[PDB]
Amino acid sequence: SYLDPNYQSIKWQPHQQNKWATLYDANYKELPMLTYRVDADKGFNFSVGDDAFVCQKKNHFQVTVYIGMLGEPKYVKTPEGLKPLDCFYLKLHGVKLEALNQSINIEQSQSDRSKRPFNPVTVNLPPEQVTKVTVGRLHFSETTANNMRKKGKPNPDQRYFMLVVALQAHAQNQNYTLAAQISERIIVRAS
């Protein structure tokens, strides 16, 4: 029994907000914090029996990010001080719920069904605008462990992934997180 995805969508929370860098303008003043909203608009369905969102490893998912750039950024304020801004990246990856320090790579498919690692994508964020970034045809590179039901009940050792969607500033060969959300837990099934 699956809930209507027009009404039931993955919920997100800020991820590692105390570690984010911040953007500064040409006058060396911190900009008002950019607006940031993430939506996983394809590929996930809430399973009532599992009490969790489910996706199928081979059916692609899609994430849309709305990034509202307030002001005109010129610098990133890092732990090592201000640095000139080179570019922005959007980065997506999974983490294991039971081992949050272990990442699950994300792959992107093409029509010919070839798949490539999904590396961070360059995003241009013009000033005073929301930029909408849609990342489609995505797949987790692994299934979650212990998916099989036991006694018509969820596996007691059911494992999960959480999806991390992060906006990064690149400065002097280093990337710095500006904003990041992490999803609620997700089950990834093979068949």
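When you see a residue number, it is the position in the sequence shown, counting from 1.
Engineer: Comparing average C-alpha B factors as deposited, tell me which of 90-98 and 106-114 sits higher.
Structural biologist: The stretch with the larger mean CA B-factor is 106-114.
Engineer: Output the stretch having the higher mean C-alpha B factor in the entry; the candidates are 177-185 and 20-28.
Structural biologist: The entry gives the higher C-alpha B-factor average to 20-28.
Engineer: Using only the C-alpha B-factors in the record, can you name which of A166, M148, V133, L163 has the highest?
Structural biologist: Comparing C-alpha B-factors across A166, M148, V133, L163, the top value belongs to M148.
Engineer: Within this chain, which third does the Cα B-factor at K153 fall in: lowest, middle or highest?
Structural biologist: Highest third of the chain for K153's C-alpha B-factor.
Engineer: Using the temperature factors of the C-alpha atoms in this entry, rank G68 within its chain: lowest, middle or highest third.
Structural biologist: For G68, whose C-alpha B-factor we compare with every modelled residue in the chain, the answer is the lowest third.
Engineer: For the chain shown, is the CA B-factor of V48 in the lowest, middle or highest third of its modelled residues?
Structural biologist: Highest third.
Engineer: Taking the values exactly as deposited, rank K58 by C-alpha B-factor within its chain and report the matching third: lowest, middle or highest.
Structural biologist: It belongs to the highest third of the chain when residues are ordered by C-alpha B-factor.
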